[PDB]
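Presented below is the structure to which this report refers.
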Amino acid sequence: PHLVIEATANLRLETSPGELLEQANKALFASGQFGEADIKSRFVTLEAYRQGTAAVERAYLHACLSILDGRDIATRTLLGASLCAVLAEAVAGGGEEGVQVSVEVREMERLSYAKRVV
Amino acid sequence: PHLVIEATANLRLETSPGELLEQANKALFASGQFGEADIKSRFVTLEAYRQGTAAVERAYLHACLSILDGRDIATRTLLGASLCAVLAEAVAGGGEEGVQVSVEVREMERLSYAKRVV
Amino acid sequence: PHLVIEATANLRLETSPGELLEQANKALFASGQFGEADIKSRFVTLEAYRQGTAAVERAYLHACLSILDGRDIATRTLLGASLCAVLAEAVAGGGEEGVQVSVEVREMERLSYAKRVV
Amino acid sequence: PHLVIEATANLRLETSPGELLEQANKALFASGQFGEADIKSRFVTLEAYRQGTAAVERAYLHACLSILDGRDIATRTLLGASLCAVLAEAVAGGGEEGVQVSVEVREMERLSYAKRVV
Amino acid sequence: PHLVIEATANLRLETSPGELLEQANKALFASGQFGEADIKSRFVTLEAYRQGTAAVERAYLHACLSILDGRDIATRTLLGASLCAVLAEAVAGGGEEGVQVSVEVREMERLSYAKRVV
Amino acid sequence: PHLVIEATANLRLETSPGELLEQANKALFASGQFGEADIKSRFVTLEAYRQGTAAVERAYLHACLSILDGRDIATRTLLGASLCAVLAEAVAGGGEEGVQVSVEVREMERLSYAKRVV
Amino acid sequence: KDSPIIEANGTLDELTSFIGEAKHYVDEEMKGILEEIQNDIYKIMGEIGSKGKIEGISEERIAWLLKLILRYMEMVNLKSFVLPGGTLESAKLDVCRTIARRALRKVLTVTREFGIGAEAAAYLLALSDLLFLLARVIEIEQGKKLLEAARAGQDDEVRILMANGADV
Amino acid sequence: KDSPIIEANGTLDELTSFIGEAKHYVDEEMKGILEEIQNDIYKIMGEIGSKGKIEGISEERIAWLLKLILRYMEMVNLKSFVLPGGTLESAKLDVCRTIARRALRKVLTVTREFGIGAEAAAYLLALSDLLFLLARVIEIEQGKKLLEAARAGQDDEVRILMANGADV
Amino acid sequence: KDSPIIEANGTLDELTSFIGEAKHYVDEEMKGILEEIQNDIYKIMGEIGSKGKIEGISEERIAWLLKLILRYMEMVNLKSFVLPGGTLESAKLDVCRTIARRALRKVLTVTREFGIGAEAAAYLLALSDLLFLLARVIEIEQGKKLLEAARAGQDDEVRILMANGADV
Amino acid sequence: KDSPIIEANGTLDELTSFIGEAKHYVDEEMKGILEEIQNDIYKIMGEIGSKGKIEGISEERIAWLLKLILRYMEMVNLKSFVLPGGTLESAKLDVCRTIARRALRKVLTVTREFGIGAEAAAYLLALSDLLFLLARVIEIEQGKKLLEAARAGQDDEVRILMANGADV
Amino acid sequence: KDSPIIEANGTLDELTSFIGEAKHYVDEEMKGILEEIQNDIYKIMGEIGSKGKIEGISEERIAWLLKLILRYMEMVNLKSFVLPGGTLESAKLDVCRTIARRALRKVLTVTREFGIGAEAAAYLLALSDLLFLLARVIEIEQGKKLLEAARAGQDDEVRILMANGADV
Amino acid sequence: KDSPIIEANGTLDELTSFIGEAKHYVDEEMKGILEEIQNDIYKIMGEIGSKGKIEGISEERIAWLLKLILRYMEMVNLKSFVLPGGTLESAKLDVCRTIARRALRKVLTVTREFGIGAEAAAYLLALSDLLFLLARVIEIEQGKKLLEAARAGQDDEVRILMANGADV
């Protein structure tokens, strides 16, 4: 499982960007689907961004969780709904209106996936 | 809809990186498929990059538009062809030969997609 | 073919980040599937990252190769296994235990893919 | 089997309304499909009636035989054609032109049909 | 086509029971499905009737149009909706609340249907 | 739901013809399938009737419950068996032998059924 | 998003565009009728495209069509098999009748698989019997304009009617 | 009552309504041709709707179409891929050609399942080759009206032809 | 020769005949646009009829449609659900939009079985969004001709615009 | 030996074991009712397992259920959507109602393929409407035991009823 | 991950939860038997969920069930069709017998498609014949407690046994 | 009225009856949790039975389950494969977990054919991970009642805990 969290620059978080990833890894491990050391997360801040066509100042947050395939839609819907409740409780605000938080769960292919331990 | 535009460092654009995203959001909204405030774009510049195996200096541009599923192939082909005409009219040049501009349209899954407004 | 290599900050490579991409482009061209100038690679280093829930210092490496669709599973398994042997021979080490190297091969859609040469 | 015979008021029969039902019960029993005491007939005369839109004085006769399902179309066509020859030989005439005699055979459902003997 | 109209005894009609059947035969002939002399109508008044379990005085009206089979659902829905507008414009009222008018269209079987002209 | 109860003239009921319909409407409402004001019942006595071919004096009772379609065979079998127990407890006797009580449950079509409230 | 749903919405959008083209050749009375039919096809398209989750037309609308059909059936004296398009104005309404018969066959496929739109298919069946009667009225008041021009003693004004298709 | 029968009758009723609309823009000679085609489509609709129990068109009718096609093929000098609708009058007959190609594909499905209407589908194939030649004649006699107006020395009467689509 | 190929070519030949009929009611600017669309539908018909063995339209053509759509979207101020066919000229272009939606559903069946014509179906989708915007412009410059006639003090020249469908 | 026969016998054997567990929490009147239901499920299992060759329940038994339902429907005053299991004793009978709805869906598959057991499926439908009414009576006489304990002036004997789920 | 595999594992997980509920009402001897059955259902779930790649139960375990069945068959004197649930403790074990018959029908579908678990389905068949014999023993030693209470001259201690379902 | 809809509603009605039976053995804190789960299963049954036309549970409810799971996961120290039903109270909640896994497999068939109830199946998956953690808490506070009874010097009060299944 790879979790890429992409926040804008004007987004004010209640915690550090490092303590947000510790809460997101505990909420992924508590689903009982992944191993402990196989949950890998990263946080990316964006410098140049636009939302919409209007001139109002906005901010957003987006996570893309990539898991290996072979899990039913009840497991993938629970993983997106467990992560979206973690990110939404970390946003203090940004911009001139509400922050949009969204989480995508996508499936990597299991047959062509290579993995090694150096 | 999320639009991630990835340009190299030697690529010279005719405009700013911010004014390229305003033209790409107006060309996505003019297709009549998405809402106004749901079109979220971001621009990423790359420091370390290689194209090909030859020693000639090259540059490229790449956009990946992620939309929710449930749209036919005529809508996704029009979205990639409307964006590729916006990026190709913004490239002044870079490197020692032609710039390659490409646009991928991929489909997020609608059932496992979470969304909130803080 | 787009190759995005994402390494952490504490990962020590045996070479430069630029010479890693020259070895990965020669191992992609030697499969005989892609053209010469169509192999585009980029290297991204990460500042904020977490692996697992434990407090031990870890590092990882991840590549995501995006090719166009229409190739059988024997070709995609060979492309992930040829790239995972290139990245694992470039890692000197990082963290307090072993480095995890993994390669995902995903398929772009051929009909909605736009491409131009400026 | 229930037989409901509906004649108009201006229709002159060659016999009594009671002797018409004795001839219709003997023609239903002679088909060998029903029991003796299970053939139940009734005769209804109509006070208010209209046939067509023209102002010519008409009369008609109509029988609706309801049998239980499970019989082929050769048995139901014979039951309507055996009854229509009984009613047409009992009509003396009525109105200013020919009398229309018609017989419908409809199928009751066997599973939901209740029956008791007090 | 046979049309059986069953009204209660407390129902006050705006016209005679005979002039209601002339308006219902012109609305059946105007659909262009039946012949002129084959539209046969009858009106039945009821002496003993109950609607519901409550003690409030009610009245109702009901028509059952029996046509031969072989017509699509657009023709049968139009025949019930053309007749229900004729009966509802003839009801002056009855009882202590609103009159319920309903029209059923049922299909006789064409193969077992006998018909003669005396 | 329309309930038409057809008794002969020689049939002696334990109650009035009006109090039989109050017991039949409470046994239809207690199945929980129909609304309160949508249960419409009527009682018809017959003057001219014949049962069988023999000369013995007989009597019968018959109910035809017409409900809208879309209900399984367990619901229609329960509606015929709940009504047949109501009518059989109201028959005192008639004729020279046992009274035959029977209940048919038939299905009206839901698409072509019109209904209005004047 | 299903395959019989997008075909039924495509023909109902095709039918309301042919009515909007044919309502410029009719007089001021029939234009008010055809503009109210165009609103009712828009209500059917919302019902079919949402698979019944939005309410459609009421039974009051089909009672409005059939009360118009019973009015025009008295003026139209029926005759033999007459060819479509006597005049140019009545030729445009004979096209819209055959789109409404094609739209009825698409809505009947939605009914036979999804069980919705049985009151919508009863509107398009009563519509195509009105567009047949609306076309036969325009040929008549064009032809009753010929008998008044024969009695008026006109030389040029009688033959311009015959060049537009007035019956003799 | 079958499903390919009501589709084939619906498109043949659609084709004879487009011909009745397009026969008001043509001259007095081509109106007599298009009114006799409308009678022959009515004979095909009686044959297909009864599944062959009623007699259809004779082979005398297809011998009348092909003797018209061999007459108009001499006047139409063939050229490159020209766009449909040079003039307004020849634009109406290019629509009726494409309904006759759609009606031919419906009758060909009746033939491939019920084995009837092979002489009817040979009429609609010879019809759509006449409506192509009928459209190319009207563009020519509109264009030969331009060369006589150039030699007559007209200033306003030459440009009203070019506003209607006369070729230069 | 296959069955979805002859249906997709039959509707694309039907669409380019309706455009050739509707380009005589528009002005000199929109006639040059509609004559270049007719050439591009002819390039799509060669690509689909040969199952991809002949080259079709380029991506330069779809970049020409969308640069026209972004020009007319500024003039068309969007409003509520307006009925098709305000004027007679904008009623002809609302018919061609619904043929282009029918031609898009036929080309989408060729794509879903033969894998060809995905750039062709992206042309017919951008075409039917231009024919919607082209129809709404003609209703506006007809309506802006009404406000200048109200200020000019005209008695007869203002009501002939309202008889053609100018909005008030 | 068939596949829907062994599933229908397995759920009817599951239903009569849940009734035998739930008849120890009810009083002496309802135990006599539930022990006569257990005999009737045993008669249904003999009829279904032999595919109708053995006689099943009579129509006298369904007339005994519905005469009990009409007795308990007067005491149960209906209310809003109340949760299952107010008391512990009425929680055991809300489980047996949902096994009887599962046993009804298995017998309905035997009826729709073999044509047997339509009088058996009418017993399980009237049974699950009695087990709903039997559960709502026990919550009431537990709650009417609370109002007598409020008037008796009890301190400990009123709260042991509220610990068992008596409604306030 | 297949569809008959997750159904067979779901019912075997349902069966070992009903045994864990029913082992608190039995004495200390039968609790040791039911706790060793719960370990064997856990070995079957590992074999079925891995499609045979993990070893399951041995044939030593089925030889342990049948040596218990031959011991309890001597004490249970067989009688007529007795209703399930004589006492409350023997009513809980008549529920677990009918889950083991449902779990046997799920494992038999895994055997008839994947060819695995034939020794597992022979365990659940011998299990449901032990749970029938285990239920009939508890009704007997409850009833032999009634004959000793009749000879002891007890007034209250004899009727509390009859309130728990002791046979007379 | 469809076949996977009545099976999914029948198992969700079966699950909320087992929760109403098992909420009488738990303390006053866990009874408030189980009574709010019973309201949420009633909201799922309205959404599935109407095929999505009625709104179901919100994403606020799944955020309430997972904030309870993260609270009880700290108290439950995980161990080896322990058998279900250590105590009698924790044996009732191990039955409701296996009904929620069966109800999840029925809702997953509604999702894979009708495309509805993906947020409902994510509730039943988070529910059966709470009922596993709720069962393991009751075995612990029963076992921590044993260590206080060993230090209190009790002879009879320590062994009545071991007769109820307290771990040693």
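Residues in the structure tokens are numbered from 1 in each chain, the chains being A, B, ... in the order shown, and ligands are numbered from 1 in the order shown.
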Any idea what's packed within 6 Å of segment 100-111 of chain A, counting only C-alpha atoms, ignoring anything in its chain fewer than 2 positions away? Could you give it as number ranges by chain? A: 60-69, 80, 113; B: 113-117
Under the rule of at most 12 Å, produce a per-residue listing of chain G near chain B: chain, number, name, the closest pair of atoms, and the distance in Å, as CSV, using only C-alpha atoms.
residue,atom,partner,partner_atom,distance
G:1,CA,B:70,CA,8.1
G:2,CA,B:70,CA,10.8
G:3,CA,B:72,CA,11.8
Export C-alpha atoms of the chosen residues as a short mmCIF file (atom, residue, chain, number, x, y, z; two decimals), in the first residue's frame?
data_model
loop_
_atom_site.label_atom_id
_atom_site.label_comp_id
_atom_site.auth_asym_id
_atom_site.auth_seq_id
_atom_site.Cartn_x
_atom_site.Cartn_y
_atom_site.Cartn_z
CA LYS G 1 -26.60 5.36 -18.96
CA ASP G 2 -28.11 2.15 -20.29
CA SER G 3 -28.46 1.41 -23.99
#
Contacts of residue 139 of chain H at 12 Å or less, counting only C-alpha atoms, minus same-chain residues fewer than 6 places along, as a ChimeraX atom specification? /H:26,75-77,82-91,93-94,132-133,145-146,161-162,164-168
Writing out the chosen residues with C-alpha atoms as a short mmCIF file (atom, residue, chain, number, x, y, z; two decimals), in the first residue's frame:
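Writing done, so here's out25.cif:
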data_model
loop_
_atom_site.label_atom_id
_atom_site.label_comp_id
_atom_site.auth_asym_id
_atom_site.auth_seq_id
_atom_site.Cartn_x
_atom_site.Cartn_y
_atom_site.Cartn_z
CA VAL H 26 -39.54 20.72 -57.77
CA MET H 75 -27.77 14.67 -68.62
CA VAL H 76 -25.82 14.28 -65.37
CA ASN H 77 -22.16 14.57 -66.34
CA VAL H 82 -19.49 17.27 -54.59
CA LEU H 83 -21.17 18.24 -51.35
CA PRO H 84 -24.90 17.56 -50.86
CA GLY H 85 -27.21 20.53 -51.17
CA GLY H 86 -25.94 22.87 -53.84
CA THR H 87 -29.31 24.61 -54.11
CA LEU H 88 -32.16 24.57 -51.61
CA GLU H 89 -34.37 22.47 -53.88
CA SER H 90 -31.69 19.83 -54.45
CA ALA H 91 -30.96 19.78 -50.72
CA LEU H 93 -33.99 15.47 -52.30
CA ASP H 94 -30.62 14.55 -50.79
CA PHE H 132 -29.33 10.98 -56.47
CA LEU H 133 -29.77 11.69 -60.18
CA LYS H 145 -29.77 29.64 -65.71
CA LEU H 146 -26.56 31.42 -64.67
CA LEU H 161 -29.20 32.95 -58.44
CA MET H 162 -25.82 32.88 -56.68
CA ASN H 164 -29.64 30.36 -53.98
CA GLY H 165 -26.54 28.24 -54.63
CA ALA H 166 -26.00 28.35 -58.40
CA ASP H 167 -22.57 27.02 -59.34
CA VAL H 168 -20.01 29.30 -60.98
#
Report the residues of chain F whose backbone DSSP state falls under strand (DSSP E), written as a PyMOL selection string. chain F and resi 2-8+12-13+40-46+48-51+60-68+91-93+100-108+114-117
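DSSP annotation of chain E from backbone atoms: helix (DSSP H, G or I) residues are residues 17, 18, 19, 20, 21, 22, 23, 24, 25, 26, 27, 28, 29, 73, 74, 75, 76, 77, 78, 79, 80, 81, 82, 83, 84, 85, 86 and 87 of chain E.
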Residue 9 of chain A environment, 12 Å, only C-alpha atoms, sequence neighbours closer than 4 positions dropped, as a PyMOL selection string: (chain A and resi 13+17+44-50+57-61+93-95) or (chain B and resi 42)
Which residues are close to residue 127 of chain J, i.e. within 10 Å by only C-alpha atoms, leaving aside same-chain residues fewer than 3 positions away? Reply as a PDB file with N, CA and C atoms, in the first residue's frame.
ATOM      1  N   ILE J  37     -47.609 -25.342  16.502  1.00  0.00           N
ATOM      2  CA  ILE J  37     -46.930 -24.897  15.294  1.00  0.00           C
ATOM      3  C   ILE J  37     -45.809 -25.866  14.933  1.00  0.00           C
ATOM      4  N   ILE J  62     -54.555 -23.336   8.401  1.00  0.00           N
ATOM      5  CA  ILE J  62     -54.406 -21.920   8.093  1.00  0.00           C
ATOM      6  C   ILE J  62     -55.595 -21.125   8.611  1.00  0.00           C
ATOM      7  N   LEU J  65     -54.541 -20.365  12.267  1.00  0.00           N
ATOM      8  CA  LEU J  65     -53.579 -19.282  12.437  1.00  0.00           C
ATOM      9  C   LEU J  65     -54.249 -17.924  12.320  1.00  0.00           C
ATOM     10  N   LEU J  66     -55.082 -17.740  11.294  1.00  0.00           N
ATOM     11  CA  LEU J  66     -55.687 -16.441  11.034  1.00  0.00           C
ATOM     12  C   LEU J  66     -56.761 -16.088  12.046  1.00  0.00           C
ATOM     13  N   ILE J  69     -54.508 -14.614  14.723  1.00  0.00           N
ATOM     14  CA  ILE J  69     -53.984 -13.305  14.332  1.00  0.00           C
ATOM     15  C   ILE J  69     -55.038 -12.224  14.537  1.00  0.00           C
ATOM     16  N   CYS J  96     -37.182 -16.107  15.553  1.00  0.00           N
ATOM     17  CA  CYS J  96     -37.953 -17.143  14.869  1.00  0.00           C
ATOM     18  C   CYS J  96     -38.817 -16.576  13.754  1.00  0.00           C
ATOM     19  N   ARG J  97     -39.146 -15.285  13.810  1.00  0.00           N
ATOM     20  CA  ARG J  97     -39.880 -14.666  12.716  1.00  0.00           C
ATOM     21  C   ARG J  97     -39.010 -14.547  11.474  1.00  0.00           C
ATOM     22  N   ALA J 100     -38.604 -17.879   9.747  1.00  0.00           N
ATOM     23  CA  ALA J 100     -39.807 -18.207   8.996  1.00  0.00           C
ATOM     24  C   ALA J 100     -39.920 -17.406   7.712  1.00  0.00           C
ATOM     25  N   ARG J 101     -39.301 -16.229   7.649  1.00  0.00           N
ATOM     26  CA  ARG J 101     -39.213 -15.510   6.387  1.00  0.00           C
ATOM     27  C   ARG J 101     -38.157 -16.109   5.478  1.00  0.00           C
ATOM     28  N   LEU J 104     -39.735 -19.306   4.132  1.00  0.00           N
ATOM     29  CA  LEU J 104     -40.734 -18.997   3.118  1.00  0.00           C
ATOM     30  C   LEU J 104     -40.087 -18.780   1.758  1.00  0.00           C
ATOM     31  N   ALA J 121     -46.483 -22.680   1.722  1.00  0.00           N
ATOM     32  CA  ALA J 121     -45.945 -21.327   1.749  1.00  0.00           C
ATOM     33  C   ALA J 121     -46.958 -20.315   2.252  1.00  0.00           C
ATOM     34  N   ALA J 122     -48.249 -20.626   2.175  1.00  0.00           N
ATOM     35  CA  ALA J 122     -49.258 -19.779   2.791  1.00  0.00           C
ATOM     36  C   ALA J 122     -49.361 -20.000   4.287  1.00  0.00           C
ATOM     37  N   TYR J 123     -48.788 -21.086   4.802  1.00  0.00           N
ATOM     38  CA  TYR J 123     -48.728 -21.280   6.243  1.00  0.00           C
ATOM     39  C   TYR J 123     -47.572 -20.508   6.852  1.00  0.00           C
ATOM     40  N   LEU J 124     -46.415 -20.514   6.189  1.00  0.00           N
ATOM     41  CA  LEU J 124     -45.253 -19.800   6.696  1.00  0.00           C
ATOM     42  C   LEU J 124     -45.391 -18.296   6.549  1.00  0.00           C
ATOM     43  N   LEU J 130     -47.861 -13.965  12.807  1.00  0.00           N
ATOM     44  CA  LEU J 130     -48.256 -14.265  14.176  1.00  0.00           C
ATOM     45  C   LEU J 130     -47.085 -14.094  15.130  1.00  0.00           C
ATOM     46  N   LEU J 131     -45.884 -14.497  14.709  1.00  0.00           N
ATOM     47  CA  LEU J 131     -44.702 -14.334  15.546  1.00  0.00           C
ATOM     48  C   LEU J 131     -44.319 -12.873  15.716  1.00  0.00           C
ATOM     49  N   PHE J 132     -44.728 -12.003  14.794  1.00  0.00           N
ATOM     50  CA  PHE J 132     -44.586 -10.574  15.029  1.00  0.00           C
ATOM     51  C   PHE J 132     -45.589 -10.081  16.059  1.00  0.00           C
ATOM     52  N   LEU J 133     -46.814 -10.600  16.030  1.00  0.00           N
ATOM     53  CA  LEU J 133     -47.819 -10.172  16.992  1.00  0.00           C
ATOM     54  C   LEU J 133     -47.604 -10.825  18.345  1.00  0.00           C
TER      55      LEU J 133
END
With only C-alpha atoms as the counted atoms, please give the residues lying no more than 8 Å from residue 87 of chain F, apart from itself and same-chain residues fewer than 2 positions off, as a VMD selection string. chain F and resid 20 24 83 to 85 89 to 91 101
Written file, previous selection with N, CA, C and O atoms, as a PDB file, in the first residue's frame:
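Written out: part-v6.pdb:
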ATOM      1  N   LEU F  20     -71.928  -9.537   6.057  1.00  0.00           N
ATOM      2  CA  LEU F  20     -70.941 -10.448   5.495  1.00  0.00           C
ATOM      3  C   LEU F  20     -69.791  -9.683   4.859  1.00  0.00           C
ATOM      4  O   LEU F  20     -68.642 -10.134   4.906  1.00  0.00           O
ATOM      5  N   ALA F  24     -65.637  -9.618   5.600  1.00  0.00           N
ATOM      6  CA  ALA F  24     -64.706  -9.898   4.520  1.00  0.00           C
ATOM      7  C   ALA F  24     -63.737  -8.756   4.274  1.00  0.00           C
ATOM      8  O   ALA F  24     -62.652  -8.992   3.740  1.00  0.00           O
ATOM      9  N   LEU F  83     -60.264 -15.724   2.921  1.00  0.00           N
ATOM     10  CA  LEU F  83     -61.622 -15.353   2.547  1.00  0.00           C
ATOM     11  C   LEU F  83     -62.549 -16.556   2.551  1.00  0.00           C
ATOM     12  O   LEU F  83     -63.737 -16.421   2.854  1.00  0.00           O
ATOM     13  N   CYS F  84     -62.027 -17.734   2.213  1.00  0.00           N
ATOM     14  CA  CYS F  84     -62.866 -18.924   2.155  1.00  0.00           C
ATOM     15  C   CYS F  84     -63.280 -19.385   3.543  1.00  0.00           C
ATOM     16  O   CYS F  84     -64.296 -20.067   3.691  1.00  0.00           O
ATOM     17  N   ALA F  85     -62.515 -19.018   4.571  1.00  0.00           N
ATOM     18  CA  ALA F  85     -62.899 -19.310   5.944  1.00  0.00           C
ATOM     19  C   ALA F  85     -63.908 -18.313   6.491  1.00  0.00           C
ATOM     20  O   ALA F  85     -64.575 -18.611   7.483  1.00  0.00           O
ATOM     21  N   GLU F  89     -68.109 -19.744   7.245  1.00  0.00           N
ATOM     22  CA  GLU F  89     -68.681 -19.579   8.573  1.00  0.00           C
ATOM     23  C   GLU F  89     -69.922 -18.703   8.579  1.00  0.00           C
ATOM     24  O   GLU F  89     -70.454 -18.422   9.657  1.00  0.00           O
ATOM     25  N   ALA F  90     -70.383 -18.259   7.416  1.00  0.00           N
ATOM     26  CA  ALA F  90     -71.586 -17.453   7.308  1.00  0.00           C
ATOM     27  C   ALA F  90     -72.735 -18.198   6.652  1.00  0.00           C
ATOM     28  O   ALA F  90     -73.860 -17.696   6.650  1.00  0.00           O
ATOM     29  N   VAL F  91     -72.484 -19.386   6.115  1.00  0.00           N
ATOM     30  CA  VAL F  91     -73.491 -20.153   5.395  1.00  0.00           C
ATOM     31  C   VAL F  91     -74.249 -21.018   6.393  1.00  0.00           C
ATOM     32  O   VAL F  91     -73.659 -21.855   7.079  1.00  0.00           O
ATOM     33  N   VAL F 101     -68.490 -23.514  -1.451  1.00  0.00           N
ATOM     34  CA  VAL F 101     -67.933 -22.174  -1.339  1.00  0.00           C
ATOM     35  C   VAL F 101     -66.555 -22.175  -1.975  1.00  0.00           C
ATOM     36  O   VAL F 101     -65.728 -23.037  -1.671  1.00  0.00           O
TER      37      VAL F 101
END
Please, which residues of chain L lie no more than 8 Å from chain J when the count uses only C-alpha atoms, and can they be set out as JSON, numbers by chain? {"L": [10, 13, 14, 16, 17, 18, 20, 21, 24, 38, 39]}
Please compute the atom CA of residue 7 of chain E-atom CA of residue 99 of chain E distance, one decimal, in Å.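 Computed distance, atom CA of residue 7 of chain E to atom CA of residue 99 of chain E, equals 10.4 Å.
Close contacts of segment 31-39 of chain E, defined as residues with an atom at most 9 Å away when counting only C-alpha atoms, with chain neighbours fewer than 3 positions off set aside, comprise residues 50, 51, 52, 53, 54 and 100 of chain D; 1, 2, 3, 25, 26, 27, 28, 75, 78, 79 and 82 of chain E; 126 and 129 of chain G.
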So what do you get for atom CA of residue 140 of chain G versus atom CA of residue 128 of chain G, distance-wise? 19.0 Å
Rounded to one decimal place, report the atom CA of residue 138 of chain G-atom CA of residue 27 of chain H distance in Å. 22.8 Å
